[PDB]
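What follows is the content of work-v1.txt, which has compact mmCIF, C-alpha atoms:
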```txt
# COMPACT_ATOMS: atom_id res chain seq x y z
CA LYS A 1 -21.63 -45.13 4.78
CA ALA A 2 -25.44 -44.88 5.07
CA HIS A 3 -25.26 -47.85 7.49
CA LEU A 4 -25.40 -45.42 10.43
CA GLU A 5 -29.06 -46.09 9.69
CA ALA A 6 -27.91 -48.58 12.40
CA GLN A 7 -27.13 -45.73 14.85
CA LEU A 8 -30.49 -44.04 14.09
CA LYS A 9 -32.28 -47.35 14.63
CA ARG A 10 -30.60 -47.71 18.05
CA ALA A 11 -31.17 -44.07 19.12
CA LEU A 12 -34.65 -43.57 17.62
CA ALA A 13 -35.87 -46.76 19.37
CA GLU A 14 -35.01 -45.30 22.80
CA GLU A 15 -36.58 -41.89 22.02
CA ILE A 16 -39.81 -43.76 21.23
CA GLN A 17 -42.22 -42.94 24.02
CA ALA A 18 -41.52 -39.80 24.12
CA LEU A 19 -44.67 -41.18 22.40
CA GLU A 20 -47.30 -41.88 25.08
CA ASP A 21 -50.52 -42.86 23.34
CA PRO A 22 -52.64 -45.56 25.03
CA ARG A 23 -54.50 -46.38 21.78
CA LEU A 24 -51.25 -47.39 19.97
CA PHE A 25 -49.07 -48.44 22.96
CA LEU A 26 -45.33 -48.96 22.49
CA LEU A 27 -43.93 -47.81 19.20
CA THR A 28 -41.30 -50.25 17.90
CA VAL A 29 -38.71 -49.56 15.18
CA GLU A 30 -38.53 -52.46 12.73
CA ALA A 31 -35.90 -50.91 10.42
CA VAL A 32 -34.22 -47.74 9.23
CA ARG A 33 -33.05 -46.86 5.72
CA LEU A 34 -30.83 -43.86 5.02
CA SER A 35 -30.09 -42.42 1.56
CA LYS A 36 -26.56 -42.51 0.08
CA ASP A 37 -26.12 -38.76 0.69
CA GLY A 38 -27.05 -39.22 4.39
CA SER A 39 -29.79 -36.61 3.82
CA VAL A 40 -33.01 -38.61 4.33
CA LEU A 41 -34.07 -41.43 6.61
CA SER A 42 -37.11 -43.70 6.51
CA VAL A 43 -38.26 -45.14 9.85
CA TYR A 44 -40.31 -48.32 9.59
CA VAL A 45 -42.11 -48.09 12.93
CA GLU A 46 -43.69 -51.31 14.46
CA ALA A 47 -46.87 -51.27 16.60
CA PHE A 48 -49.44 -53.66 18.05
CA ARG A 49 -52.41 -51.35 17.29
CA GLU A 50 -52.80 -48.37 14.96
CA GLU A 51 -54.05 -45.15 16.43
CA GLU A 52 -54.51 -41.88 14.53
CA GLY A 53 -52.59 -39.81 17.13
CA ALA A 54 -49.49 -42.10 17.03
CA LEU A 55 -49.58 -42.11 13.19
CA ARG A 56 -49.91 -38.35 12.41
CA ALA A 57 -48.45 -37.40 15.87
CA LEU A 58 -45.15 -38.97 14.78
CA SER A 59 -45.03 -36.53 11.84
CA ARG A 60 -46.06 -33.59 14.08
CA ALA A 61 -43.31 -34.61 16.55
CA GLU A 62 -40.66 -35.07 13.80
CA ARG A 63 -38.80 -31.78 14.46
CA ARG A 64 -38.52 -32.58 18.18
CA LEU A 65 -37.45 -36.18 17.38
CA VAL A 66 -34.71 -34.93 15.04
CA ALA A 67 -33.49 -32.57 17.81
CA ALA A 68 -33.23 -35.60 20.16
CA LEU A 69 -31.34 -37.60 17.49
CA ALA A 70 -28.96 -34.60 17.13
CA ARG A 71 -28.18 -34.64 20.80
CA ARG A 72 -27.91 -38.45 21.04
CA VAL A 73 -25.72 -38.97 17.98
CA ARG A 74 -23.89 -35.60 17.86
CA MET A 75 -24.20 -35.43 14.06
CA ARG A 76 -23.48 -32.19 12.23
CA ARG A 77 -26.34 -32.84 9.78
CA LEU A 78 -29.32 -34.78 10.96
CA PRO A 79 -31.22 -36.52 8.16
CA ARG A 80 -34.81 -35.52 7.45
CA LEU A 81 -37.09 -38.23 8.84
CA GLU A 82 -40.25 -39.90 7.55
CA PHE A 83 -42.31 -42.57 9.35
CA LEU A 84 -43.70 -45.57 7.44
CA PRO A 85 -46.34 -48.12 8.68
CA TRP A 86 -44.70 -50.86 10.59
CA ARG A 87 -44.22 -53.99 8.86
CA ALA A 88 -47.08 -54.26 7.33
CA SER A 89 -44.52 -57.12 7.02
CA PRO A 90 -45.73 -60.51 8.23
CA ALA A 91 -45.04 -61.32 11.88
```
Output the file's structure in the form of structure tokens.
Amino acid sequence: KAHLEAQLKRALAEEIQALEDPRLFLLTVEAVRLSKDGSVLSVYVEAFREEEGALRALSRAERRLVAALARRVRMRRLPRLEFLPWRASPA
């Protein structure tokens, strides 16, 4: 039932920017994977240009981002979130 990775992909995409960093621009969500126990999520973020602030700032802003997911999805237990470099998949 860890396909609500689909709901997190939908909702986390919109919450993006929140993130306003001119050196990285728009932060895109390429994919989301959620563990079988619905406890952890991995967010494969997509961007045109890497910037330090939008890398590490995503991890600093994780608690706030989870709070926004909570509100958007109305889950009892929001998965812990980690951000992974977009792609680096060919595009």
>> Excluding residue 81 of chain A and its own-chain neighbours fewer than 6 positions away, which residues fall within 8 Å of it when counting only C-alpha atoms? Please give them as a list in words.
In response: residues 40, 41, 42, 43, 62 and 66 of chain A
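Residues in contact range of residue 86 of chain A, defined as at most 7 Å between only C-alpha atoms, with sequence neighbours fewer than 2 positions away removed, read residues 30, 44, 45, 46, 47, 84 and 88 of chain A.
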>> Please report the interatomic distance between atom CA of residue 28 of chain A and atom CA of residue 13 of chain A in Å with one decimal.
In response: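 Distance reported for this atom pair: 6.6 Å.
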> atom CA of residue 39 of chain A and atom CA of residue 20 of chain A, how far apart in Å?
Replying inline: 28.0 Å
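Restricting the calculation to all atoms listed in the file, the smallest distance between residue 4 of chain A and any of A:68, A:53, A:17, A:75 is found for A:75.
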> By how many Å are atom CA of residue 24 of chain A and atom CA of residue 69 of chain A apart?
Replying inline: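 If I compute the distance from atom CA of residue 24 of chain A to atom CA of residue 69 of chain A, I get 22.3 Å.
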> Smallest atom-to-atom distance to residue 33 of chain A: which of A:70, A:11, A:57, A:2, using only C-alpha atoms?
Replying inline: A:2
Please give the centre and size of the box around segment 55-69 of chain A (axis-aligned, containing every atom listed in the file, 3 Å added per side), with values in Å to one decimal and written as AutoDock Vina command-line options.
```
--center_x -40.6 --center_y -36.9 --center_z 16.0 --size_x 24.6 --size_y 16.3 --size_z 14.3
```
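If you measure from each of A:6, A:12, A:65, A:54 to residue 26 of chain A using all atoms listed in the file, the closest one turns out to be A:54.
Distances to residue 56 of chain A were evaluated for A:29, A:19, A:78, A:34 using only C-alpha atoms, and the minimum falls at A:19.
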> So, counting all atoms listed in the file, which residue among A:71, A:32, A:91, A:15 is closest to residue 58 of chain A?
Replying inline: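 The answer is A:15, which sits nearest to residue 58 of chain A.
If only C-alpha atoms are the atoms counted, then among A:64, A:23, A:3, A:9 the closest residue to residue 50 of chain A is A:23.
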